[PDB]
Amino acid sequence: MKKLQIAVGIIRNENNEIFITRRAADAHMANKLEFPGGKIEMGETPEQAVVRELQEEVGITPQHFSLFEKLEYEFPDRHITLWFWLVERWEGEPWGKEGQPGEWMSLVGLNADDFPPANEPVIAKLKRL
Ligand SMILES: Nc1nc2c([nH]c(=O)n2[C@H]2C[C@H](O)[C@@H](COP(=O)(O)OP(=O)(O)OP(=O)(O)O)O2)c(=O)[nH]1
Ligand SMILES: OC[C@H]1O[C@@](CO)(O[C@H]2O[C@H](CO)[C@@H](O)[C@H](O)[C@H]2O)[C@@H](O)[C@@H]1O
Ligand SMILES: [Mn+2]
Ligand SMILES: [Mn+2]
Ligand SMILES: [Mn+2]
């Protein structure tokens with residue numbers, strides 16, 4: 001099956017809220033809440049991918065970020081490796097730059113059922129910060 005490397009950014013403000021977008025109805029993991037991110041392209045690193053993806057999707061440049069979690073998940077029709085970067089400093093103000101819904105969500109109120117199942121251990125670990 002398809003095998004993908006995905007870089008996503010956990011965008012956390014000083015009020016313990018995370019900037020979360022909602023995936024399109026015709027996408028893989030349609031209508032799910034998500035950390036902004038996307039496919040790591042040939043010739044770019046995981047760190048470069050999370051910067052580019054957040055610039056494209058929500059209009060911020062992450063800086064001084066860290067790898068929060070790396071995990072693999074087997075979906076029904078594809079295998080993905082997810083790189084979860086914790087982003088606590090950035091240039092810009094995140095918004096729905098690609099026309100997608102985005103909003104700040106309290107960390108304590110996140111419901112892992114709203115996200116792709118691959119995010120389950122990450123959402124749990126975030127709540128223990
Ligand atoms: N962006 C994102 N994707 C996730 C998360 N959890 C998770 O399992 N995924 C999966 C869903 C997709 O199968 C894949 C993400 O790919 P994507 O749809 O963001 O790819 P992309 O932005 O590069 O796509 P495109 O705009 O180039 O069309 O990883 C998450 O928190 N954020
Ligand atoms: O890989 C993340 C990890 O590396 C450190 C340095 O030890 O940060 C470096 O890499 C980050 C991601 O590219 C950069 O944002 C950062 O500026 C750079 O120092 C750690 O801070 C981080 O845990
Ligand atoms: Mn994208
Ligand atoms: Mn992409
Ligand atoms: Mn994406």
**Complete:** For the chain the translational diffusion coefficient, Stokes-Einstein from a Kirkwood Rh over Cα pairs at 10 °C and viscosity 1.306 mPa s, in µm²/s, is roughly 109 µm²/s
**Message:** If each residue of separation counts as 0.36 nm, what is the full-extension length gain between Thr61 and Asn13 once their alpha-carbon separation is subtracted?
**Reply:** 15.9 nm
**Asked** Considering the chain as a Gaussian network with a 10 Å cut-off on Cα pairs, which listed residue, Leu86, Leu71, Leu107, attains the greatest mean-square fluctuation?
**Response** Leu71
**Message:** Please report the net charge: other residues with Cβ closer than 9 Å to the Cβ of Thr21, K and R +1, D and E -1.
**Reply:** -2
**Asked** Between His64, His79, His28, which gets the highest mean-square fluctuation from a Gaussian network model of the chain, Cα cutoff 10 Å?
**Response** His64
**Prompt:** What residues have an amide H closer than 5 Å to that of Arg22, excluding those fewer than 5 places away on the same chain, when H is modeled at 1.01 Å from N in the peptide plane?
**Reply:** none
**Complete:** Kirkwood Rh for segment 46-100 from C-alpha pairs, in Å, is 12.3 Å
**Item:** Interchain or long-range residues, amide H under 5 Å from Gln5's placed H
**Value:** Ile40, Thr81
**Request:** Go through segment 15-29 residue by residue and turn each phi into a ³J(HN,Hα) via Karplus (6.51, -1.76, 1.60, θ = phi - 60°); whole Hz please, and just put x for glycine and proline.
**Result:** 9, 6, 10, 10, 7, 10, 10, 10, 6, 4, 5, 10, 9, 4, 6
**Message:** Using helices alone, I'd like the mean residue ellipticity at 222 nm for the chain: each DSSP H run of four-plus residues gives -39500 (n - 2.57), total over residue count, nearest 500.
**Reply:** -5000 deg cm²/dmol
**Prompt:** Residues with amide H under 5 Å of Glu17's amide H, sequence separation 5 or more or different chain, H placed in the peptide plane at 1.01 Å from N; which?
**Reply:** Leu107
**Asked** Could you give me the ³J(HN,Hα) list for segment 55-65, computed from phi with Karplus coefficients 6.51, -1.76, 1.60 and θ = phi - 60°, whole Hz, x at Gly and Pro?
**Response** 4, 5, 7, 9, x, 10, 10, x, 9, 6, 9
**Fill in**
In debye to the nearest 20, the charge dipole size for the chain, taken about the Cα centre with +1 at each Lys and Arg Cβ and -1 at each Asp and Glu Cβ, equals 280 debye
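Quick reminder, even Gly has a Cβ in these numbers, built from the backbone with ideal geometry, and neighbours come from all protein chains shown. No lab work stands behind these numbers, since they all come straight from the coordinates.
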